[PDB]
């Protein structure tokens, strides 16, 4: 088993391409209310799943929901791709503002694993170019995560490592 230590009051930032298994992971390890996803926040703005003008407002809504939860001292998991630095930066700022530890959990899986899961999804799919781009962005993000302000950086390098994770909420 791979034991990942997280403080009782953390902002757990999931980082991974579409299809990397973020939401599945979040569901397996955390309570439903602890998880705030970008899909959920987009849904608050538009019942139209494919509306792109909504993304900006949806990020604002996600950041604000996270802020209020953390302000209440409630461990929160951000279930979004988070492969761009510009997406991670305000999350880290939020964590610092409410004196929480930002934790990075990176789904460092090969692009082919993500592409294959995507092809087999029955809930919703993305285009292949999206996952190609996400994976490149994820890879380029890894080295710099600690310096970005993540207090603990956990890189999961394979599906088996992902599957072996157990969180320890000691601190």
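Residue numbers count along the first chain shown, from 1.
Looking at 64-72 and 46-54 together, the entry lists the larger mean B-factor for 46-54, computed on C-alpha atoms.
Comparing the deposited coordinates for 81-89 and 95-103, the stretch with the larger average C-alpha B-factor is 95-103.
Of the candidates 37, 146, 122, 135, it is 122 whose Cα B-factor is highest according to the PDB record. Sort the chain's modelled residues by C-alpha temperature factor and residue 14 lands in the lowest third, per the entry.
When the CA B factors of the chain's modelled residues are split into thirds, the value for residue 140 lands in the highest one. Among all modelled residues in its chain, residue 112 ranks in the highest third by Cα B-factor.
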